[PDB]
């Protein structure tokens, strides 16, 4: 899939609460770059999943390649580039 500012993470432990999940993802991935936002939802369509938006694509690339399959709340993270640009980055340029 083509590089993107946003990484799409699925295979997340669904028992983890939205607030704690959002911040855990934020604290871990902030190692790889400045983060613009993280969207997380435990709805049917959106649970187990997350979009973390990075400021710079190099950072998402680095994050995607270094964090692939990482054991996170007893599960390995599946990490892909996002198919389409996030709304916050689509406007900026």
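Residue numbers count along the first chain shown, from 1.
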TODO: Sort the modelled residues of this chain by their C-alpha B factor and say whether residue 11 lands in the lowest, middle or highest third.
DONE: lowest
Open item on the list: Lowest, middle or highest third: which one holds residue 35 when the chain's residues are ordered by CA B-factor from the entry?
Closed with: middle
Task: Relative C-alpha B-factor of residue 58, binned into the chain's lowest, middle or highest third - done: highest
TODO: Sort the modelled residues of this chain by their C-alpha B factor and say whether residue 28 lands in the lowest, middle or highest third.
DONE: middle
TODO: Taking the chain's C-alpha temperature factors as the reference, tell me which third residue 66 falls into: lowest, middle or highest.
DONE: middle
